[PDB]
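Peer 1: Quick one: the structure is below, and I'll ask about it shortly.
There are 2 protein chains.
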Amino acid sequence: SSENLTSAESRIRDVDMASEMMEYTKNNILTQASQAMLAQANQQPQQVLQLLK
Amino acid sequence: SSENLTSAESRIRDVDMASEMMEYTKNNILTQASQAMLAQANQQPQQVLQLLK
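Spelled out as structure tokens, the structure:
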């Protein structure tokens, strides 16, 4: 009854290493995609200076 | 009446050497089979490290 409950509690509490590392990598890329586009988002307002002169 | 009772008591109390040595060897192997698989059971969780990097 300890094995059957230890296994029962592990499924509820312990994390799946495979299904979590794969999900961590996804959000670790989605933040770099937003990081890359944030840099370009700041460059866009810089083009009105050539028009203002 | 002592021989007939000594033989009667030996069957009840004394062990059969053949039928017991053969049974001892069986459990002496079943514990080594579990010993061998316990070593491999510990190696299985070690493979997530190559995935985590």
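Chains as they are written, first to last, in the numbering used here: chain A, 8 to 60; chain B, 8 to 60. Every residue gets a Cβ at the ideal spot worked out from N, C-alpha and C, and that includes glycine.
In chain A, which residues lie less than 8 Å from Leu-59(B) when you measure between Cβ atoms?
Peer 2: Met-24, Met-28
Peer 1: For the alpha helix (DSSP H) containing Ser-14(A), list its first residue and its last residue.
Peer 2: 9 to 20
Peer 1: Give the range of the alpha helix (DSSP H) segment to which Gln-54(A) is assigned.
Peer 2: Run containing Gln-54(A): none; DSSP gives neither H nor E here.
Peer 1: Evaluate the contact criterion for the region 33 to 47 of chain B versus the region 9 to 17 of chain A: three or more CB pairs, one atom per stretch, below 8 Å.
Peer 2: The answer is no - the region 9 to 17 of chain A does not touch the region 33 to 47 of chain B, with fewer than three Cβ pairs under 8 Å.
Peer 1: Just to confirm the assignment, what range does the alpha helix (DSSP H) spanning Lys-33(A) have?
Peer 2: 24 to 50
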